[PDB]
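A single chain comes next, written as structure tokens; it is the form deposited in one PDB entry.
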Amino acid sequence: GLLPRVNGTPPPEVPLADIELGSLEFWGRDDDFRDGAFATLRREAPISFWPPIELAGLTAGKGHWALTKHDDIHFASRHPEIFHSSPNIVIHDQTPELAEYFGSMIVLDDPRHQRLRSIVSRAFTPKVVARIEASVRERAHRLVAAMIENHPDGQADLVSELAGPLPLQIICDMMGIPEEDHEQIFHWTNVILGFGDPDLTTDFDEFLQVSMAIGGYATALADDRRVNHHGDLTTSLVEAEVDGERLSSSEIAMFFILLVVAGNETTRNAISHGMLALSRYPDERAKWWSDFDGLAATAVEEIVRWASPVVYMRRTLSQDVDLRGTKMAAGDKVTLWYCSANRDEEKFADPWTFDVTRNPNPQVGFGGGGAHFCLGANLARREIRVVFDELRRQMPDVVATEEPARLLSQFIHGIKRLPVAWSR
């Protein structure tokens, strides 16, 4: 069952000597240990250097400076000329020749970044956006209704039945991907997302083959829309133009590959962590369920602060930096620990309280601001609002019944399984 926890309980005090950000065992510990570790770093070692996680037998790469304070993360995000996103935003890129293939605009600095982001942004036309909005509601409604039809027992895993499929179905709908191709897209996406996680033991050759197959699918989808225009994002991406520059089909494919990761597992984990928090703190569910539209904006923003689905993003210094008196050298890696910034005692009153009315809420779960600020933030907020709306309408007493099975990850605050139950 759910471990009892009172809303507002701080994490345990974790001694500095017990914190090993380069240790896989550390990332396997519960959230209360992790949160207490970052609280210790914020108080005692707010900028500190760490080795990467080393998987024995594979190259590890160089270490990184951990920024744990909201102010430092915000500063780094606002200075992309010093804190570069190229070559990649993870601590150690396992496939650096494919950094742009999987990363699209997220691994680019200006001027390349602004050009690609500007063209992609222009493709989100009013008609495309209106279809996306209808899709969010339709998909969330259908998935919750199917959970009821498929489980007369009133019990299901929220991840497989709802939080997992919703964000990827929305991405498929916006790309104009036929219903008949969903199973293939889901399979390829799952293999890609599953590679950095052990269990099932994900084979690199299979990972490379599926990565090329989904890329080839997307290039062919884009080429089809060059000939046959439709009212989807794929067609608007082929037609968009900034300063005479348009996107090639392989640029569109790389942006699609970014989406099925960045727009997908993040939202999934915001949903699962939101359902978990609403189950642990039933007063907050009651408040939201009593004034759903009125509290939606603050409730969703609190779910994102609480979940921080993206644990960190990595930058690389283009020049020496001295901040908080800590000297970091050009070429060093720097990590922005949003999970920590979203608990910074200097910015949030009562940071350990999950409060669906929280205002202000300067949360940085979509990043600290600036050039790379999540392109889909308002879409993510809509997905979260709409899915909880559909749960409230169709199964208002739905509740998590067990502690989640946690993903072992430094980068994603992941829930692999979340049992829930509901009545009429």
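Throughout, rigid core stands for the largest set of C-alpha atoms superposing within 1.5 Å between the two forms. Note that residue numbering follows the sequence shown and begins at 1.
What comes next is about the form deposited in another entry, which is not displayed.
Annotation: the position in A277, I185, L317, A156 displaced by at least 2 Å at CA between this form and the one not shown, with the core superposed, corresponds to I185.
The Cα position of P80 differs by less than 2 Å between this form and the one not shown after fitting on the rigid core. Comparing the forms between this form and the one not shown on their rigid core, the Cα displacement of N228 reaches 2 Å or more. The two forms, fitted on the rigid core, differ between this form and the one not shown by 2 Å or more at the CA of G57. If you compare C-alpha positions, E100 and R381 are 3 angstroms or more farther apart in the other entry than in the form on display. In the other entry, the Cα atoms of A377 and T125 sit 3 Å or more nearer to each other than they do here.
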